[PDB]
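So the structure is just underneath, and the comments pick up after that.
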Amino acid sequence: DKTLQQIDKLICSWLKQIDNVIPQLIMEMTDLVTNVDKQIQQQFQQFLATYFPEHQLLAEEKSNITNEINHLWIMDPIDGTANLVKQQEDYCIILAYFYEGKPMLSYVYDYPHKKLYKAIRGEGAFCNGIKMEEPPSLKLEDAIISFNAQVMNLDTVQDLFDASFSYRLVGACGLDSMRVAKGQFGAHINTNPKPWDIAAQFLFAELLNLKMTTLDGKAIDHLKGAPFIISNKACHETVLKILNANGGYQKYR
Amino acid sequence: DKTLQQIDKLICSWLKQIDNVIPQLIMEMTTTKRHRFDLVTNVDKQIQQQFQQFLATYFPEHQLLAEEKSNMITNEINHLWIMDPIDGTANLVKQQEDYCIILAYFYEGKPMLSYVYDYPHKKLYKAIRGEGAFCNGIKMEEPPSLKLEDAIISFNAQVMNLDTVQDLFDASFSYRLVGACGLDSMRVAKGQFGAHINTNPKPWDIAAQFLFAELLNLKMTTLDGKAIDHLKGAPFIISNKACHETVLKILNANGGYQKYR
Ligand SMILES: [Ca+2]
Ligand SMILES: [Ca+2]
Ligand SMILES: [Ca+2]
Ligand SMILES: [K+]
Ligand SMILES: [K+]
Ligand SMILES: [K+]
């Protein structure tokens with residue numbers, strides 16, 4: 001079976017030939033029309049058959065038996081749907097490859113800004129092919145944090161605002177997560193991801209020495225997904241502590 | 001002896017050379033000086049200086065109102081530039097992305113040329129009275145009509161009472177924040193956001209938006225719905241025509257929007 005060099009080589013070429021499906025979808029002058037891509041999912045289903053006949057794909061509808069597959073791809077063809085629909089910007093393609101359950105390749109493609117982030121085990125992380133280094137230490141009071149504030153209880157919201165440097169939000173799990181990997185954000189939180197919302201993220205967190213865990217501090221199952229944090233190492237513990245304090249982060253009423 | 005064409009051309013020339021200056025300034029950035037609450041860096045400081053040198057060479061009779069200047073700026077100035085050398089300074093410092101340069105020219109009080117320069121994303125927005133508004137030379141038309149419940153909004157969730165923040169959460173489609181006023185405003189201009197709110201801007205935070213708001217048929221008012229003096233600055237909204245009073249009605253309701261009351 002194939003080398004990561006050969007797989008990545010073929011993946012990068014495939015992504016670069018989806019500039020032939022979005023311009024058209026950016027149409028939407030009649031969504032929903034976004035649900036149907038999905039074309040993207042199915043076209044990548046074709047790429048696997050053509051190239052990697054034993055590889056399987058986990059994506060939004062439909063899968064089915066998930067453990068234990070040798071060669072597994074997990075995809076969000078469009079992460080940041082509201083952004084694509086409302087903004088035509090700040091959305092991305094997420095792809096991740098797992099071998100015997102080990103993350104081997106990850107991609108986050110910021111198609112609107114022409115930025116491909118890639119993670120390769122054995123080589124490192126890259127953005128348009130220039131090597132990403134471990135971000136510098138970020139304490140919570142020195143960092144910008146990103147989360148959905150409409151979905152947490154007000155007191156937990158207040159406390160995050162007070163303990164952080166600032167708050168921002170891009171609105172695509174994949175992009176808010178790259179801002180963490182890049183040192184731009186100290187942490188990103190998602191209170192209800194699907195496995196494809198965070199699958200690429202594991203290898204970047206590993207290769208760039210980030211913490212990526214559940215909100216209870218535990219290791220995440222890539223096949224199932226969980227309320228999740230990706231964080232700079234110097235502010236991981238403090239964010240979790242704010243989230244879990246005074247009976248937790250969940251919003252009621 | 002200067003047409004708007006000729007002025008735009010030198011400004012465009014000035015903007016273009018700043019990319020041989022900024023990368024080096026980002027590298028030696030930066031480690032509070034002359035600011036009460038605002039952040040400042042070597043980058044803002046040099047860009048301002050460089051633009052003052054521009055006016056000295058091409059437009060010696062024009063005045064500059066900017067983050068570092070305060071000057072005594074009578075409403076009887078014929079040719080005035082209001083500048084934000086870097087808008088989104090926190091963004092610059094922490095992220096090196098989502099900051100912009102803001103320039104606005106006013107002739108006897110009337111906005112004539114406006115520039116919002118998204119340097120990290122090389123998108124230049126400009127508006128020219130008589131020609132229209134442009135994003136990288138591509139013409140901007142009025143954004144499609146957008147109601148609150150269908151629109152994304154942006155604002156600082158940290159400086160309003162949380163009950164106003166909730167109502168606005170409920171009434172809008174979603175919420176995002178870029179974190180530079182000029183950029184969150186340009187989102188409203190191209191129909192990406194329904195509205196953007198700054199509760200306490202300075203003239204340079206909003207100078208360029210007046211002309212974009214006229215030409216793109218946007219609503220740009222105080223949070224009372226009134227005209228804004230381009231020389232003083234008041235709590236402000238820049239909004240799609242269709243969600244403007246809904247945003248203000250929610251903001252002004254239940255005792256208003258201030259955090260401490
Ligand atoms: Ca998603
Ligand atoms: Ca500034
Ligand atoms: Ca500013
Ligand atoms: K909490
Ligand atoms: K809502
Ligand atoms: K209110």
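Numbered from 1 within each chain, the chains take letters A, B, ... in sequence-line order.
- Remark: B:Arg176 CZ to A:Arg168 CZ distance equals 15.0 Å, nearest 0.5 Å.
- The part of A:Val170 that comes within reach of chain B is its backbone (N, CA, C, O), which places non-hydrogen atoms under 4.5 angstrom from that chain.
- With contacts defined as side-chain heavy-atom distances shorter than 4.5 Å, the pair B:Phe193/A:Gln87 qualifies.
- Enclosure of atom CD in B:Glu245 is not indicated, since only 12 or fewer non-hydrogen atoms of other residues, nucleotides or ligands lie within 6.0 angstrom.
- Chain B is approached within less than 4.5 Å, heavy atom to heavy atom, by A:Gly171, A:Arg179, A:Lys182, A:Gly183, A:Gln184 from residues 171-184 of chain A, ordered by number.
- No more than 12 heavy atoms of other residues, nucleotides or ligands lie within 6.0 Å of CG in A:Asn246, so this atom counts as exposed by the packing criterion.
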With side-chain contact (heavy atoms from CB on, under 4.5 Å) as the test, would you mind laying out the steps for B:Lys94 and A:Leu138 before giving the verdict? CA-CA 10 Å; B:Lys94 300 292 190 192; A:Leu138 288 169; 5.9 Å; no
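- Residues B:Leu177 and A:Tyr167 share a closest heavy-atom pair of CD2-O, 3.8 Å.
- If you measure heavy-atom distances from B:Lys122 to chain A, you find no contacts under 4.5 Å at all.
- Nearest approach of A:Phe161 to B:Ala157, heavy atoms of both residues: CE1-O, 3.5 Å.
- Atom CG of B:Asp163 sits about 7.0 Å away from atom CG of A:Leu154, to the nearest 0.5 Å.
- In this structure, A:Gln158 places its CD atom where more than 12 heavy-atom neighbours from other residues, nucleotides or ligands lie under 6.0 Å away.
- Contacts between A:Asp142 and chain B at a heavy-atom distance below 4.5 Å involve backbone atoms as well as side-chain atoms.
- Residue-environment remark: NZ (A:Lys115) exceeds the threshold of 12 foreign heavy atoms within 6.0 Å.
- Atom NZ of B:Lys259 is surrounded by more than 12 heavy atoms from other residues, nucleotides or ligands within 6.0 Å.
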